[PDB]
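Below you'll find only one chain, the form deposited in one PDB entry, shown as structure tokens.
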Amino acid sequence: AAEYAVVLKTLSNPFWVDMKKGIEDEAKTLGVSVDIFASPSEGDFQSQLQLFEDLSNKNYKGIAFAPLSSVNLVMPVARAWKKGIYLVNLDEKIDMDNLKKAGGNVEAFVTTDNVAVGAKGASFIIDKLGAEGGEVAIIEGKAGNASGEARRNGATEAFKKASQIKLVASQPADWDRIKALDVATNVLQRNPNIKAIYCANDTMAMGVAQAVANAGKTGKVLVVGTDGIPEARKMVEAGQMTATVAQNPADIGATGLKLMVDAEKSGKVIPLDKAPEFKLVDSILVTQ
């Protein structure tokens, strides 16, 4: 019988391995079979494109995919739609303008709300500080980055609703660990009583952790990252970072599979002029 396929960005790290495991568990629950793939050449747009082309010419009734880029899978996804394959976009949004021009569509898009991610980091801080609140800072990504501005907005709006919080600094460190160490050093020098710092990514958070240690404030300042990369997860366990907000890869994969399977049951792929289904899967707070 026709099966399902999933194309992931890679299979070489715990995030994507956990997505694979989420998919496998949900397939058992739904009683469907799934084959999970990643491109042979890591990070290579063309390698992933060739993989997806080939998979579209097998016997899969649906394919879910996490594209390496908005740009790389437009044409074979359009062809797969024309063939009646049920398609679900995971994680990184395909270039939907170009996909429409190419004569295709997808059933659904499944990702995480970056506004909520920033709110979750700020909410951790708010809850931990309690009624007495205090001075806090945000270490931003590069200005104009969609994901980074969403995280900054969400954290800022969450802090604003908490009367007891004073946002004393919000400054970019451009996704860079060395810059984050420098910015955080400057921020802590100016406001030595800061009680917490939210950073828009873990690369920057690790730099901030060093800044806090250099000031003698490890265990006295809450340091919160975003992504849950392995090095930052170790810092959380060690007390060098306090928490990090991550996506829930297992839930992204399970949700994507269920949407694919539900669509397939309808007997016809989504019309070209219909907006795909849209799911923003809840993020998770990592504190151990």
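Sequential numbering from 1, following the sequence displayed.
Annotation for 116 to 124 versus 146 to 154: the higher mean temperature factor (C-alpha) is found in 146 to 154. When the mean C-alpha temperature factors of 232 to 240 and 54 to 62 are read from the deposited coordinates, 232 to 240 comes out higher. Across the options 49, 254, 221, 260, the residue with the most elevated CA B-factor in the record is 221.
Residue set 250, 34, 68, 245: peak C-alpha B-factor at 34 (per PDB entry).
Ranked within its chain, residue 92 lands in the highest third, by CA B factor from the PDB record.
In the PDB entry, a CA B factor belonging to the middle third of its chain's modelled residues is recorded for residue 16. The PDB entry assigns residue 6 a C-alpha temperature factor belonging to the lowest third of its chain's modelled residues. Split the chain's modelled residues into thirds by C-alpha temperature factor. Residue 207 is in the lowest one. Placement of the Cα temperature factor of residue 216 within the chain: highest third of the modelled residues, per the deposited record.
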